[PDB]
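All remarks here apply to the structure that follows.
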Amino acid sequence: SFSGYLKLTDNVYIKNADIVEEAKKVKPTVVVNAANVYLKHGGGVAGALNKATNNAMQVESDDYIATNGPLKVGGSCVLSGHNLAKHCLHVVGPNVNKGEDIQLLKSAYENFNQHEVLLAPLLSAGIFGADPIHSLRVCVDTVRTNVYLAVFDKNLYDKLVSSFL
């Protein structure tokens, strides 16, 4: 079970944690990846999750893309969680640094509703360029299932908690 989380709402929890370390500890049913449409897990959360799988996530992902083509921005796919979780839900939030529509963040979070409980990062935060305070707001207002948010940066975590309405 998830430990050390602050309860934000009936179904949203938050912790200052490295999602890779959190996944290795909990081995949740679902870990969310901050994916891109190509499932190229180069940096940010995706790079870190993939490195923890010894690149097995990238090998599986390349086969998935070869068969299915790219995901949509706002879309997702379920792949193996490897050594981190039963499943990995690769969710594509809009990348503001790629000029993608921030309105797609709600669609991205809707993917979480297909899973009863998830360990997740804030979508479109970090290297995706969106405001993490906005991402948390969209998360709380969109996700109805039980979501355990791992925020790597302590300073951002404190800012998110202290500014949470």
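Please note: Cβ atoms are built from the backbone with ideal geometry, for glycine as well, and neighbour counts cover all protein chains shown. No value in this document is a laboratory result; all are computed from the given coordinates.
Some observations on this one:
- Debye intensity ratio in log₁₀ form over the Cα atoms of the chain, taken at each q of 0.11, 0.15, 0.16 Å⁻¹: -0.37, -0.72, -0.83
- DSSP assigns beta bridges within the chain; of those with both partners inside it, close to 30 percent run antiparallel.
- Of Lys72/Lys106; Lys7/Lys159; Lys15/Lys106; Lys86/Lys106, pairs whose Cα-Cα distance is over 18 Å: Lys15/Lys106; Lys86/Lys106
- For the pair the stretch 122-151 and the stretch 75-111, the centres of their Cα atoms are 11 angstrom apart.
- Cβ-derived FRET efficiency at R0 41 Å, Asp158 paired with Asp63, nearest 0.05: 0.50
- Only helices enter this figure: runs of n ≥ 4 DSSP H residues, each worth -39500 (n - 2.57), summed and divided by the residues of the chain, yield -10000 deg cm²/dmol at 222 nm to the nearest 500.
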